[PDB]
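If you read the sequence from its start, that first residue is 1, and numbering goes on from there. Every heavy atom of this structure was used, including side-chain atoms; hydrogens, water molecules and symmetry mates were not.
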Amino acid sequence: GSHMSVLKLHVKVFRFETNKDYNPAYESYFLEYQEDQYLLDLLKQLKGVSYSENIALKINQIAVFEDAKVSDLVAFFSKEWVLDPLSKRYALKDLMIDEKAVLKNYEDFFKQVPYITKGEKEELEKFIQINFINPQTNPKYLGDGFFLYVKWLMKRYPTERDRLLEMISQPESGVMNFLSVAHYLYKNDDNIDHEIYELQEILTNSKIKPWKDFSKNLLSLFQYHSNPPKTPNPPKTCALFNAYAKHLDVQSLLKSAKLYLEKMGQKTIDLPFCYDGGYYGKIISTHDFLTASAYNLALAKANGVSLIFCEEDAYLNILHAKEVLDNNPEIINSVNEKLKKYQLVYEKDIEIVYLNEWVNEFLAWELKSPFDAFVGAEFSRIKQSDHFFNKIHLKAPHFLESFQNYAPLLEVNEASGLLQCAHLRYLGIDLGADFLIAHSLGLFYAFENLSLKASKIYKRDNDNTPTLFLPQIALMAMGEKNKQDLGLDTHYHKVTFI
């Protein structure tokens with residue numbers, strides 16, 4: 001035989017100059033690398049291509065800020081790379097951006113802060129690249145680099161801290177618009193996320209309108225059952241988390257969840273779970289958020305039932321609560337003081353169930369209605385359902401934007417939440433999907449109930465592609481044909497293929 005040269009890349013490189021008249025084009029390079037090499041070594045092979053040696057660019061639309069080993073980048077990105085600047089809009093040449101053009105957006109801001117030094121003004125240049133990690137598309141959005149720069153100035157000018165904060169507080173443009181960008185940053189780094197969550201907590205706890213009232217109203221929604229039940233239950237008894245904001249339509253989710261569980265040999269009971277604060281509760285008041293979560297977990301355990309998290313929003317919340325409680329015994333003591341009045345006692349490591357994990361994991365059932373005729377587009381902040389979809393023969397292509405979810409914005413900047421969820425919806429449709437799969441109740445609501453209101457403002461023809469939850473799909477694949485039993489009669493977009 002012969003040696004197989006396996007260390008090979010296909011790199012497509014954005015070629016463009018903002019001051020020249022040729023359209024952007026991608027050029028293909030077929031490069032060899034060695035196990036020892038770093039990104040800068042590959043960039044050095046790209047003749048005529050403009051890039052900074054201080055790494056700041058995108059590979060497959062994920063922001064990369066380090067000179068990483070090529071082998072590590074291949075593990076993360078595959079051997080097929082698209083190399084882009086951090087921003088096409090502000091591209092200067094090839095892989096470099098026009099920092100000067102970006103900075104022009106902040107001229108009005110700087111006129112409001114004439115007291116800062118020339119040096120302090122110039123420091124924003126060191127932050128600005130951070131703006132381009134965020135995949136969000138609101139053009140009024142001030143930029144995450146800019147938010148962190150203002151944070152830097154707030155430290156340096158304690159007197160102006162509240163005035164500075166107010167400048168990044170506007171509903172249309174400010175920091176309340178931020179949502180996790182970790183998926184779109186190389187190595188899923190959450191440092192930026194935590195820095196901005198910190199600002200959101202500061203703002204929601206400040207006197208600035210409308211955030212003071214936003215927080216007071218949200219905290220008034222933690223409503224605990226005074227005397228919750230504690231009864232023993234037989235094996236295989238479940239209770240579904242059901243404490244969601246009152247406007248959310250949860251009927252089909254909870255109905256299909258129950259039916260799926262029953263099909264899987266479980267029985268369900270109702271328990272008065274406390275509201276968890278939705279998306280923002282954990283930002284506004286960690287301690288209230290933790291107390292509600294501890295109450296819910298203690299309540300499930302006191303009744304000897306599995307607590308079923310039927311969708312992503314509540315499950316991600318409970319993961320966060322468990323991470324904090326189960327690693328900090330002092331916080332458990334603190335929450336347990338508040339739980340005494342309900343005669344509940346939280347203990348670490350209370351086992352819970354994510355329904356969508358069960359759908360993917362437990363596959364020992366007969367396929368009665370294959371999905372081979374169909375294409376799905378699945379949105380999840382966690383993971384695509386490869387195994388379950390393979391089981392049922394559903395083709396569900398992976399796509400860049402599947403990890404995004406702008407439903408929380410419905411509470412803080414409704415117009416932007418509406419537009420960006422509508423954008424995600426049509427990205428799914430444009431993949432050729434017969435239906436969308438929502439892991440998130442919030443996103444489902446945006447896709448469905450708010451579809452009509454969104455169409456009136458999102459400038460694209462009406463499409464009636466339905467959205468389904470995983471348990472609904474599973475039930476259908478198991479041969480369920482009764483639309484009402486699946487909860488589908490209450491969706492906005494009707495299912496027509498059964």
Side-chain angles (χ1 to χ4, degrees), residues 61-63 86 130-148 150-151 168-204 211 214-215 218 244-245 248 276-284 286 289 311-321 323 378-383 399-425 427-428 438-447 450 454 458:
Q61 283 296 299
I62 305 306
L86 285 173
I130 292 164
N131 281 16
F132 305 112
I133 307 164
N134 201 329
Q136 73 86 46
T137 61
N138 179 6
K140 295 174 178 59
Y141 191 94
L142 286 177
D144 298 328
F146 182 70
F147 297 147
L148 294 180
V150 175
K151 178 171 212 192
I168 53 157
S169 79
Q170 308 298 314
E172 298 80 8
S173 69
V175 72
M176 294 313 298
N177 291 279
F178 175 85
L179 292 166
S180 183
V181 302
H183 186 77
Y184 297 92
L185 179 62
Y186 172 62
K187 297 188 297 180
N188 300 334
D189 196 320
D190 64 358
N191 184 43
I192 301 300
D193 287 4
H194 291 312
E195 280 292 304
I196 299 165
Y197 293 153
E198 199 166 76
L199 283 175
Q200 293 187 320
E201 182 181 23
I202 290 162
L203 183 57
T204 52
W211 307 115
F214 175 83
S215 297
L218 195 154
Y244 288 99
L248 297 168
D276 65 357
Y279 184 84
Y280 295 94
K282 60 179 187 280
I283 294 154
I284 295 159
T286 307
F289 166 71
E311 61 73 51
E312 191 177 85
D313 303 350
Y315 179 57
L316 287 178
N317 279 350
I318 209 68
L319 286 183
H320 172 61
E323 177 58 31
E378 179 181 52
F379 293 85
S380 175
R381 278 165 295 186
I382 309 182
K383 67 216 293 302
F399 61 107
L400 179 58
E401 303 89 352
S402 72
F403 294 90
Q404 287 166 51
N405 178 342
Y406 299 99
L409 301 184
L410 289 176
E411 279 168 78
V412 296
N413 184 358
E414 185 183 77
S416 180
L418 288 169
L419 290 176
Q420 297 192 83
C421 290
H423 176 64
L424 298 180
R425 179 156 186 269
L427 282 162
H439 287 206
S440 166
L441 174 71
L443 193 58
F444 173 88
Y445 179 77
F447 282 7
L450 290 185
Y458 184 78

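The CD1 atom of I284 sits 10.0 Å away from the CG atom of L203 when rounded to the nearest 0.5 Å. Expressed to the nearest 0.5 Å, how far OG of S402 lies from CG of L427 amounts to 10.5 Å. Here the straight-line distance linking atom CD of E401 with atom CD of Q420 works out to 12.0 Å at 0.5 Å rounding. The line from CG of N131 to CG of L86 is 10.0 Å long, rounded to the nearest 0.5 Å. Expressed to the nearest 0.5 Å, how far CG of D193 lies from CD of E198 amounts to 12.5 Å. Atom CD1 of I196 is separated from atom CD1 of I283 by 11.5 Å, given to the nearest 0.5 angstrom.
In summary, the side chains of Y141 and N134 do present a donor paired with an acceptor at a separation below 3.5 Å, with no hydrogens or angles considered. In this structure, a donor-acceptor pair under 3.5 Å is absent between the side chains of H183 and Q404.
Shown here for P171 and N413, the closest heavy-atom pair between the two residues is O-ND2, 3.2 Å. The two residues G442 and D313 have their closest heavy-atom pair at N-OD2, 2.9 Å. Between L179 and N405 the shortest heavy-atom distance is CD1-O, 3.5 Å. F289 approaches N317 most closely through the heavy-atom pair CZ-O, 3.3 Å. In terms of heavy atoms, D276 sits closest to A314 at OD2-CA, 3.9 Å. Annotation for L218 and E411: closest pair CD1-OE1, 4.3 Å, computed over non-hydrogen atoms.
Using a 4.5 Å cut-off on side-chain heavy atoms (C-beta onward), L443 and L424 make contact. By the 4.5 Å heavy-atom criterion applied to side chains, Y458 and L418 are not counted as neighbours. Side-chain contact between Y197 and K282 is absent, with no heavy-atom pair separated by less than 4.5 Å. Between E311 and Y244 the shortest side-chain heavy-atom distance falls below 4.5 Å. Within the 4.5 Å cutoff, no side-chain heavy atoms of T137 are placed close to those of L419.
Looking at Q136, its side chain does come within 3.5 Å of a backbone N or O of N138 through a donor-acceptor pair. The backbone N or O of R381 lies less than 3.5 Å from a partner atom in the side chain of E312, making a donor-acceptor pair. In this structure, the side chain of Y279 does not engage the main chain of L409 through any donor-acceptor pair within 3.5 Å. Although no hydrogens or angles enter the test, the distance criterion places a donor-acceptor pair under 3.5 Å between the side chain of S215 and the main chain of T204. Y184 places no side-chain N or O within 3.5 Å of a backbone atom of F132 that could act as its donor or acceptor partner.
With sequence neighbours excluded, no residue satisfies side-chain hydrogen bond (donor to acceptor under 3.5 Å, both in side chains) with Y186. Partners of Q200 according to the side-chain hydrogen bond (donor to acceptor under 3.5 Å, both in side chains) rule, which considers only residues two or more places apart in sequence or in another chain, do not exist here. Scored by the ring-ring contact (aromatic ring centres under 6.0 Å, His included) test, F146 finds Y106, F109 as partners (sequence neighbours excluded).
Residues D144 and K151 are not paired through a salt bridge, judged by the lack of any N-O separation under 4.0 Å between the basic side chain and the carboxylate.
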Chi angles and distances behind the side-chain contact (heavy atoms from CB on, under 4.5 Å) call for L142, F147: CA-CA 7 Å; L142 286 177; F147 297 147; 3.6 Å; yes
Steps toward side-chain contact (heavy atoms from CB on, under 4.5 Å) verdict (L199, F178): CA-CA 10 Å; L199 283 175; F178 175 85; over 6 Å; no
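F379 and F444 have their aromatic ring centers separated by at least 6.0 angstrom.
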